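1. coordinates for the following, if possible.
(one chain, ligands or ions: 1)
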Amino acid sequence: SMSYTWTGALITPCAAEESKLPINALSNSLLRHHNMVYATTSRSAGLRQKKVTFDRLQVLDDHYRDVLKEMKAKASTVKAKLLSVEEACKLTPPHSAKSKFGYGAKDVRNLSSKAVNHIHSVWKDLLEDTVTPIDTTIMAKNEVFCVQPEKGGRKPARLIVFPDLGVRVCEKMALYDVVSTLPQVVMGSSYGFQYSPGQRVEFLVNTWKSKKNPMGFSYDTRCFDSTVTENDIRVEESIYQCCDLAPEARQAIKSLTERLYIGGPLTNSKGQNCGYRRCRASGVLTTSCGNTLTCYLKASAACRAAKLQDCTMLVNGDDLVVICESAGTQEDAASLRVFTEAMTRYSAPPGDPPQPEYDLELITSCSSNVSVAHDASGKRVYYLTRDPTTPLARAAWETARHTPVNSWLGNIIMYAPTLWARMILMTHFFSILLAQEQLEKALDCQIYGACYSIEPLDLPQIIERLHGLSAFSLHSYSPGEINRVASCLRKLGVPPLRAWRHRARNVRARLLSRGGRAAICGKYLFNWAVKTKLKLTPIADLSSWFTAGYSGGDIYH
Ligand SMILES: *[C@H](c1ccc(Br)cc1)[C@H]1SC(=S)N(NS(=O)(=O)c2ccccc2)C1=O
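-> Numbering: from 1, shown residues only. Dropping the coordinates below:
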């Protein structure tokens, strides 16, 4: 069926939309080519609609059924429970989109009588009606990027589809525990959200070394959400139903699946009917879990169809990487086309066709790649990195304009061992925090889709816990990594690394002259900036951060 059907009504904005990076002294000192940084807006929604709208002609085979069978067997061993209205309300982000029935995220978190009553009535409607399509709002996402001349154009805005706040609270009650525990059980080590960046690198390296003649590849599905069929979503529901669940959950899950997940009417911000959706909604609680399960199911089946030897996959939503035994270059090339053919039959054709890679560092998955550096003793240390273009463009944007989400802080946390996060992001932001006396100001940042409130002075502790002490001592980075960073800086007009060193020395001294954690930040985060290095001893439970994915799931921790 068609992923979407449009009426003609436009996807409209609910507020003023900034698209250009304003000229600001603070952001200018980080990146000069401001004209290269932009934010997508509803003005390009039409271009995105055209791409995400198409007919899916899914054909399933024995490989697919066999894998599905094994997945259900593992799901049957999982026991999940309903969340109380209180527990679901507590997971609601402080600034989540307010309901259209006269109450908001604030009312929900505070458990206002009006919020709790509407929630109760929505829940009861789910149990009493498992057919009537639930309404959803379609909006254009505003995200920041850097222009890519070679691409031939700017990126169109992504579309987000989400139901009313009351429905979202009910999703949590019926499914938060399921999406939070089921995937790792069904997928095992292949479930990518159970890993911190370091654990991810460890799994990738160990897996790579476990092959006699390693070969790996990432598979990029073109418009994954749109390729997800009504059958995929119902198969996904059957996997959830294999769990040990309370009658109410079972009923609410069937209802949400039939009324929301498999499709429904699309309404713009003006209240007009934009059309109908018959694919995955980007903005529901099950998006990440459903996508991961679906990608895994299809990729696993396609691995068997292609007869790939000793395969090992790592899946994060639609992000997929496969490492296996090579059979020669020509044979690997033929095997990948077979893999692609199967994925296509399963309704998941490629954006870019997959390419066999024989060097681990050259495999980009989930926009990242493993690279190597050395600690103080000269020992090899593998770590996760990525091209810094987007992180830098977003850092500049967030420096000029106050934003609810601080992607720069998530980037420092996730890519703390990288030379770019250390020399540029840490330096630039601590300099600003010092200037504004906001070192103790807590900030919101997304990690695996979930929202966390983090204090920047806690960075040293967070980084040590997540990456170990080596994150503060890495040096002698690879030639490839060094060149990518250097190239990115010239393109964006970002000052050279040597200039950042000078800035860091100044920032470092200022933090050391201050109290508590500020001195620890100066000592640990900027030890790389001084020749006479201090002794980095262990600093005198972030497990919940890397347990499951929640992208588009309206989760606040
Ligand atoms: C790809 C991804 C990148 C790094 C890792 Br360790 C896992 C997966 C996608 S999946 C996802 S959700 N995110 N957002 S994140 O919150 O994991 C994040 C934020 C900032 C830097 C890196 C990762 C991805 O990036």
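2. using the three-state scheme, assign the closest residue to residue 139 other than its chain neighbours.
-> For residue 139, ignoring the flanking residues on the chain, the nearest one in space by Cβ to Cβ, 6 or more residues apart in numbering is residue 160 at 5.3 Å. Where you see a C-beta, it was placed from the backbone N, CA and C, and this is true even at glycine. Under DSSP: H, G, I helix; E, B strand; the rest coil, the three-state class of residue 160 is strand.
3. please begin residue numbering at 482 from this point
-> In the new numbering, first residue 482, that becomes residue 641.
4. touching the ligand at all, stretch 934-946?
-> No - using Cβ under 6 Å from any ligand atom, we find that stretch 934-946 stays clear of the ligand, coming within 12.2 Å at best.
5. can you list the residues of the stretch 632-781 of the chain near the ligand?
-> 678, 681.
6. how does it look with 8 Å?
-> 673, 674, 676, 677, 678, 681, 769 (Cβ under 8 Å from any ligand atom).
7. doesn't residue 772 make contact with residue 706?
-> Yes - assessed by Cβ atoms under 8 Å, residue 706 is found in contact with residue 772 at 7.4 Å.
8. most neighbours of all the residues of the stretch 632-781 of the chain next to the ligand, which one?
-> residue 673 (27 neighbours; other Cβ atoms under 10 Å).
9. quick one, what contacts it?
-> Neighbour list for residue 673: 681, 773, 795, 796, 797, 800, 847, 1030 [criterion: Cβ atoms under 8 Å, 6 or more residues apart in numbering].
10. for those residues, give me TSV that also has secondary structure and distance to residue 954.
-> Output for the contacts of residue 673, formatted as TSV (DSSP: H, G, I helix; E, B strand; the rest coil; distance: Cβ to Cβ, whole Å):
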residue	secondary structure	distance to residue 954
681	helix	21
773	helix	35
795	strand	27
796	strand	32
797	strand	29
800	strand	30
847	coil	26
1030	coil	31
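11. show me how far stretch 553-571 is from its chain's centre.
-> Its chain's average C-alpha position is 22 Å from that of stretch 553-571, according to Cα atoms, centre = their mean, to the nearest Å.
12. please enumerate residues in contact with it?
-> Here stretch 553-571 has contacts from 572, 589-590, 592, 596-597, 600-601, 650-651, 653-655, 657-659, 662-663, 666-667, 719-721, 723-727, 729-730, 733, using Cβ under 8 Å, 6+ apart.
13. quote the end-to-end distance of it.
-> This stretch, stretch 553-571, spans 31 Å end to end (Cα to Cα, to the nearest Å).
14. interface residues of the stretch 782-931 of the chain facing the ligand?
-> 797-798, 800, 846-849, 865, 867, 872, 888, 891-892, 894-896, 926-930.
15. and residue 883, how far from the ligand?
-> 19 Å (Cβ to the nearest ligand atom, to the nearest Å).
16. what is the neighbour count of that residue?
-> 7.
17. using the three-state scheme, assign it.
-> Strictly by three-state DSSP, residue 883 counts as coil.
18. per-domain residue ranges of this protein.
-> 482-536+614-644+744-759, 537-613+645-672+710-743+760-766, 673-709+767-849, 850-1038 (curated CATH domains).
19. quick one: contacts for whichever residue of the chain sits closest to the ligand?
-> Closest to the ligand within the chain is residue 847: 2.8 Å, counting by Cβ to the nearest ligand atom. Going by Cβ under 8 Å, 6+ apart, residue 847 touches 673, 797, 800, 802.
20. tell me the one of those residues nearest residue 919?
-> Each of the contacts of residue 847 was scored against residue 919 by Cβ to Cβ, and residue 797 proved nearest at 32.4 Å.
21. quick check: bridge partners of the closest one?
-> Beta-bridge partners for residue 797, by DSSP bridges, are residue 800.
22. report the contact partners of it.
-> 673, 674, 773, 847, 1030.
23. quickly find the element holding the closest residue to the last one other than its chain neighbours.
-> Leaving out its chain neighbours, the residue that sits closest to residue 1030 by Cβ to Cβ, 6+ apart is residue 769, at 3.6 Å. In this assignment (DSSP states H and E), residue 769 forms part of helix 768-786.
24. helices and strands around that helix, which ones?
-> Under the contact definition 3 or more Cβ pairs under 8 Å, 6 or more residues apart in numbering; DSSP states H and E, helix 768-786 sits against helix 543-556, helix 646-668, helix 705-708, helix 711-722, strand 790-797, strand 800-806, helix 810-826.
25. residue 509: which of those is closest?
-> Closest approach to residue 509 among those (Cβ to Cβ): strand 800-806, 33.9 Å.
26. distance between the closest one and the chain's centre?
-> 19 Å.
27. could you name the helices and strands sitting against that strand?
-> helix 678-690, strand 695-700, helix 768-786, strand 790-797.
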